[PDB]
Amino acid sequence: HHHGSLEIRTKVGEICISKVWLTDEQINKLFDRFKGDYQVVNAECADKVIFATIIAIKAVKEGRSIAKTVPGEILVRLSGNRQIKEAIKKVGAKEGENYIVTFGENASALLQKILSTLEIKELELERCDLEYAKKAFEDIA
Ligand SMILES: [Mg+2]
């Protein structure tokens, strides 16, 4: 824009993700034990989780987020529901296949820590097909 302005950063830092199997039992222990820079979501494929996480990190940083924390804002952005309670219903962790995403300075170690400590089984990361990725992008960006 105007000559002399920043300098506006596109990068949000490292984001790590794994598709996992979680029992209700594992989901309980996860939320009780871990309080940091992660979220667990029930999503169709990985790309949309990454899009939601990027937007959530940026919106929080810019003070333009709907929810007040990144984990809350991931749920809002991934679901498209401004009400956190409604977002949780749609894309919150559910017994079965989930994605764990971590972000911030120690993203990779945190993801490893969650996975290792809870002996969580990883599944093949599933990419969104291009049709879905197009839709997810228009929905989120
Ligand atoms: Mg599901």
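Heavy atoms only: backbone and side chains are in, while hydrogens, waters and symmetry mates are out. Numbering starts at 1 and runs along the sequence shown.
For the salt bridge (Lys or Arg N to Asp or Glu O under 4.0 Å) condition, the pairs that include at least one residue of residues 129-138, sequence neighbours left out, are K134-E138, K135-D139.
For the atom pair CG (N42) and OG (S79), the distance works out to 11.5 Å, reported to the nearest 0.5 Å. Taking OH of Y99 as the start and SG of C45 as the end, the distance is 6.5 Å to the nearest 0.5 Å. In this structure, the separation between CG on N81 and CD1 on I88 is 10.5 Å, given to the nearest 0.5 Å. Atoms CD and CG, from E95 and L22 in turn, are 9.0 Å apart once rounded to the nearest 0.5 Å. Separating the CG atom in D37 from the SG atom in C16 is a distance of 11.5 Å, to the nearest 0.5 Å. In this structure, CD1 in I74 is found 10.5 Å from CD1 in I54, a value given to the nearest 0.5 Å.
Nearest heavy-atom pair across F34 and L118 is CE1-CD1, 4.1 Å. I140 and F51 make their closest contact through CG2-O, 3.9 Å (heavy atoms, listed as atom of the first residue, atom of the second, distance). Closest non-hydrogen pair, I66 versus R77, comes out as CG1-NH2, 4.2 Å. Scanning all heavy atoms of the two residues, the minimum distance from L110 to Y38 falls at CD2-CB, 4.0 Å. Of all heavy-atom pairs spanning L75 and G92, the tightest one is CD2-CA, 4.3 Å. Residues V76 and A67 share a closest heavy-atom pair of CG2-CB, 4.1 Å.
No more than 12 heavy atoms of other residues, nucleotides or ligands sit less than 6.0 Å from atom CZ of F137.
When hydrophobic clusters are built by joining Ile, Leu, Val, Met, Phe, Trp and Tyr residues whose side-chain heavy atoms come closer than 4.5 Å, directly or via intermediates, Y132 is not grouped with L125.
For the side chain to side chain contact (heavy atoms under 4.5 Å, CB included) with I15, the qualifying choice from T102, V101, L111, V49 is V101, the only one to do so.
Put simply, the side chain of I120 does not reach to within 4.5 Å of the side chain of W21, judged on heavy atoms. Using a 4.5 Å heavy-atom cutoff, the side chains of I27 and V40 are not in contact. Residues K68 and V60 are not in side-chain contact: their nearest non-hydrogen atoms beyond the backbone lie 4.5 Å or more apart. With a 4.5 Å cut-off on side-chain heavy atoms, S108 and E14 count as touching.
A donor-acceptor pair under 3.5 Å links the side-chain atoms of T23 to the main chain of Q26, judged by distance alone. Judged purely by atom type and a 3.5 angstrom limit, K121 has no side-chain atom pairing as donor or acceptor with the backbone of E119. A donor-acceptor pair under 3.5 Å links the side-chain atoms of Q39 to the main chain of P71, judged by distance alone. A donor-acceptor distance shorter than 3.5 angstrom exists from the side chain of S116 to the backbone of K113, with no hydrogens or angles considered. Remark: the backbone N or O of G104 is not paired with any side-chain donor or acceptor of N106 at under 3.5 angstrom.
Remark: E126 engages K19 in a salt bridge, criterion side-chain N to carboxylate O under 4.0 Å. Taking the charged nitrogens against the carboxylate oxygens, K58 and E62 have no contact shorter than 4.0 Å, which rules out a salt bridge.
Looking at residues two or more places apart in sequence or on another chain, you find a side-chain hydrogen bond (donor to acceptor under 3.5 Å, both in side chains) between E122 and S18.
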